[PDB]
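Residue numbers (the entry's author numbering): 1 to 137.
One structure is given here, and the rest of the page talks about it.
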Ligand SMILES: [Cl-]
Ligand SMILES: [Cl-]
């Protein structure tokens, strides 16, 4: 499955709750919810090498990684971390994150491309799971 494309959101659950359990204050949560309501996601996949750009009114994030090689990014609440992505199946990857400085909840994310061509992102902080679903433009 090729993840490459421009993706637009169709469903989102538990995003504000995920930020809440990470301790993000309500003003900042509502700003993130606003931003997240109209995102653009662009992915370029070349085999195990990925570029993913996520753009909203508050920021543009770009990550470049190769499956199986550590890279640096930020947690969903903005903390710098080392990340490592591995395949769980031919359609789904899972990323484990470790903070660069300090301690905090265990955070991770996953990305799956379904047989129906939907992209499902999950983001987890300990027991709380946010799921966002996208379709390819
Ligand atoms: Cl992502
Ligand atoms: Cl972020």
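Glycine is no exception: its CB is placed at the ideal position from the N, C-alpha and C atoms.
Notebook entry, point to check: Between residue 129 and the rest of its own chain, which residues show a CB-CB distance below 8 Å, the 5 nearest in sequence each way excluded?
Noted result: On the chain shown, residue 129 is found 129 positions in, with the first residue counted as 1. Only 14, 18, 122 and 123 meet the Cβ criterion.
Next item on the list: Apply the 10 Å Cβ neighbour rule to residue 87 and answer buried if 16 or more other Cβ atoms are within range, or exposed otherwise.
Entry: Counting from 1 along the chain shown, the entry for residue 87 is found at position 87. So residue 87 ends up on the exposed side.
Margin query: In the DSSP output, what is residue 5 paired with across the bridge?
Written below: In the chain shown, counting from the first residue as 1, residue 5 sits at position 5. The partner list for residue 5 (beta bridge, DSSP) reads 43.
Next item on the list: Can you give me the start and stop residues for the beta strand (DSSP E) that residue 129 sits inside?
Entry: Here the question's residue 129 lines up with position 129 in the chain shown. Looking at the DSSP string, the run of the beta strand (DSSP E) that includes residue 129 is 128–136.
Next item on the list: Compute every distance between the C-beta of residue 74 and the non-hydrogen atoms of ligand 2, then say whether any falls below 6 Å.
Entry: As a working note, residue 74 is residue 74 in the chain shown. Flag set: Cβ of residue 74 near ligand 2.
Checklist line | Within 7 Å, strictly: CB atoms of residue 65 and residue 85 | finding: Here residue 65 refers to the residue found at position 65 when the chain shown is read from its first residue. Here residue 85 refers to the residue found at position 85 when the chain shown is read from its first residue. Yes; because the gap between Cβ atoms is below 7 Å, this pair is in contact.
Next item on the list: Using three-state DSSP, classify residue 62 as helix, strand or coil.
Entry: Here residue 62 corresponds to residue number 62 of the chain shown, with the count starting at 1. Strand at residue 62.
Note to self: If you reduce the DSSP assignment to three classes, tell me which class residue 29 lands in.
What the structure shows: As a working note, residue 29 is residue 29 in the chain shown. Helix at residue 29.
Next item on the list: Count the other C-beta atoms from every protein chain shown that fall within 10 angstroms of the C-beta of residue 34, then say buried if there are 16 or more, exposed otherwise.
Entry: Position 34 of the chain shown, counted from the first residue, corresponds to residue 34. Flag for residue 34 reads exposed.
Checklist line | Rounded C-alpha distance that separates residue 51 from residue 67 | finding: Walking along the chain shown from the start, residue 51 turns up at place 51. Walking along the chain shown from the start, residue 67 turns up at place 67. The alpha-carbon atoms of residue 51 and residue 67 are separated by roughly 11 Å.
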